[PDB]
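Peer 1: What follows is a protein structure lacking sequence information:
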Ligand SMILES: [Ca+2]
């Protein structure tokens, strides 16, 4: 956009979240969590540069606890898609994504 994004750029839709939840389930979370290493290993399958994925991890791990639940995973998946589409990552997690 002319404005660096639209109403829909950083928001996660119901459909997107349903897809993310399916992918999260495929990782066999334990009591709703995957480890940081598990998450980052999965993300590496996107093709994105490691430095980029490191930034995405830090954005998505909202509570800074080093592990990842379903909400955080959805956020990471949205950021990965945006980066693949050629958007720049934000310096902090957009509130609309939470
Ligand atoms: Ca976390």
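Peer 2: Structure received. Numbering: from 1, shown residues only.

Peer 1: how much space between residue 48 and residue 19?
Peer 2: From residue 48 across to residue 19, the span is 18 Å (C-beta to C-beta, to the nearest Å). Every residue, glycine included, has its C-beta placed from N, CA and C.

Peer 1: What of residue 53?
Peer 2: In this view, residue 53 and residue 19 are 19 Å apart by C-beta to C-beta.

Peer 1: Now the residue most central in space within the chain: which helix or strand?
Peer 2: Here the mean C-alpha position of the chain is nearest to the C-alpha of residue 76 (C-alpha atoms, centre = their mean), at a distance of 0.6 Å. For residue 76, the enclosing helix or strand under DSSP states H and E is helix 70-84.

Peer 1: Against which helices or strands is that helix packed?
Peer 2: Where contact means 3 or more C-beta pairs under 8 Å, 6 or more residues apart in numbering; DSSP states H and E, helix 70-84 is packed against helix 14-26, helix 36-43, helix 50-60.

Peer 1: When residue 53 and residue 19 are compared, which one has more neighbours?
Peer 2: Neighbour count, other C-beta atoms under 10 Å: between residue 53 and residue 19, residue 53 has more, with 21 against 15.

Peer 1: where's the closest residue to that one other than its chain neighbours relative to the ion, distance?
Peer 2: Among residues not flanking residue 53 along the chain, residue 43 sits closest, at 4.9 Å (C-beta to C-beta, 6 or more residues apart in numbering). Using C-beta to the ion, to the nearest Å, one gets 14 Å for the distance from residue 43 to the ion.

Peer 1: Which positions in this protein make contact with the ion?
Peer 2: Contacts of the chain with the ion, taken as C-beta under 5 Å from the ion, map to 61, 63, 65.

Peer 1: Tell me the buried residues within those.
Peer 2: Taking 16 or more other C-beta atoms under 10 Å as the criterion, what is buried in these is residue 61.

Peer 1: Does residue 73 touch residue 38 like I think?
Peer 2: No - with contacts defined as C-beta atoms under 8 Å, residue 73 does not count as touching residue 38, sitting 10.4 Å away.

Peer 1: more crowded one of the two?
Peer 2: residue 73 (24 against 16).
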